[PDB]
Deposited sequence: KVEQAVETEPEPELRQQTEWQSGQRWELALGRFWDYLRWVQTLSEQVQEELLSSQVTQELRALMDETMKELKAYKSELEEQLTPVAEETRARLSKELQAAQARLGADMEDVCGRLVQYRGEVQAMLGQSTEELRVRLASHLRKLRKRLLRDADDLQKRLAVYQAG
């Protein structure tokens, strides 16, 4: 798999871990190491892609780009969702976070179904373009 899928698979690896929302994920989630690494992995994912699409140009370009702006949104979504939780926690004064995490994890499962297909789609859309 080209540089971009390898990049996306690393994002997938870290997300799968976040999802478990174990106290350890929660620790680094509120320190925001989780969000910092999530954004570094998403960005490396968009370069290797940005570079792939551009270089597939040098040797249909709207949808491609409509499909790229999709996987983008999907990743920006996860990070934006994790950074929101962090926000809602340091403002609740230590009262229970279980319902906020039941919601975060549902939302997170939902974005996973999208990363799956929007990329599965982005892929066939890069193959035909070639």
The record leaves without C-alpha coordinates the deposited-sequence stretches 1 to 22, 82 to 92, 164 to 165
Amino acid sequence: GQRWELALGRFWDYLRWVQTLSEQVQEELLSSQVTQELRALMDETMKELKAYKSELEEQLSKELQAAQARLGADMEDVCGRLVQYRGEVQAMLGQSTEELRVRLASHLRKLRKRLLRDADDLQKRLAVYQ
From here on, numbers count along this sequence of modelled residues.
Tell me which of 17 to 25 and 115 to 123 has the higher mean C-alpha B-factor in the deposited entry. 115 to 123
Higher mean Cα B-factor in the deposited model: 50 to 58 or 67 to 75? 50 to 58
Looking at 102, 41, 92, 30, which has the highest Cα B-factor in the entry? 92
